[PDB]
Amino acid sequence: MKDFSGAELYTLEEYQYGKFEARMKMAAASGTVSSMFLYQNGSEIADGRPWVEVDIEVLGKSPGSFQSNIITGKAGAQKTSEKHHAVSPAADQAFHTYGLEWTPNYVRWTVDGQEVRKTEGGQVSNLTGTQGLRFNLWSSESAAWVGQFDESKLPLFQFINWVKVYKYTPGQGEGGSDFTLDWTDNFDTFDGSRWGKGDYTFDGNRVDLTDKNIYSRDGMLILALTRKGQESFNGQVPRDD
């Protein structure tokens, strides 16, 4: 029913702890949100269950940084911890490898292997259960957060070159480390046994996440943000040199 079309790529499976890395070139225009996040599906339901989510969100008005967040508490009463981190070159101008490391003890955010944030204890202790890995591209109705939405900048595209997912195996990883690679995806194709395409929306989101805006071209998974009725991708995928 909404007038804009966004997209979401999500793992069908959820995991308890792990290390997640994605090689991406984000999308950005005033009013947009381009993300990588861990999400306990169902957190949005206000039936008393806990909210469990860890985010990496590039806010459209500020492509030179991304906002990190941990959402706990419960629907209607979220507990948050927004912080901002510089990305250079800008997130929408080059590929970067974004990483999330989630253990019982801490959550670490990395960009090209460098730590930009590590939260220990506190909210992390409430990230119980499982979370799936997701990526989406949409626009928020909160102008103070993402900027007034500039429709003239559409269409926008977020490119994912590859993903790595590691199992949390404390003390049992390569050389006595804490993680063991589980699977990787180079996105030469859309693997439907591993991923799903989002078809939903939520209050505060001006767009409908639709499977129409997920494309697979030349080694990459593309998420698109377009006006409704103009869902398409015909250009070239950027190079990751």
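So that there is no doubt, residue numbering starts at 1 and follows the sequence shown.
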*Looking at the deposited entry, does 112-120 or 139-147 carry the larger mean Cα B-factor?*
139-147
*Determine, for stretches 228-236 and 15-23, which one has the higher mean CA B-factor as deposited.*
228-236
*Sort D185, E53, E57, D47 by C-alpha B-factor from the entry and give me just the highest.*
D47
*With respect to the C-alpha temperature factors reported in the PDB entry, which of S30, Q40, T189, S68 ranks highest?*
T189
_Could you place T210 in the lowest, middle or highest third of its chain by Cα temperature factor, using the values in the record?_
middle
*Position of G129 among the chain's modelled residues by C-alpha B-factor, lowest, middle or highest third*: lowest
*How does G171 rank on Cα B-factor within its chain, lowest, middle or highest third?*
highest
*For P89, does the deposited CA B-factor place it in the lowest, middle or highest third of the chain?*
highest
*Please place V107 in the lowest, middle or highest third of its chain by C-alpha B factor as given in the entry.*
lowest
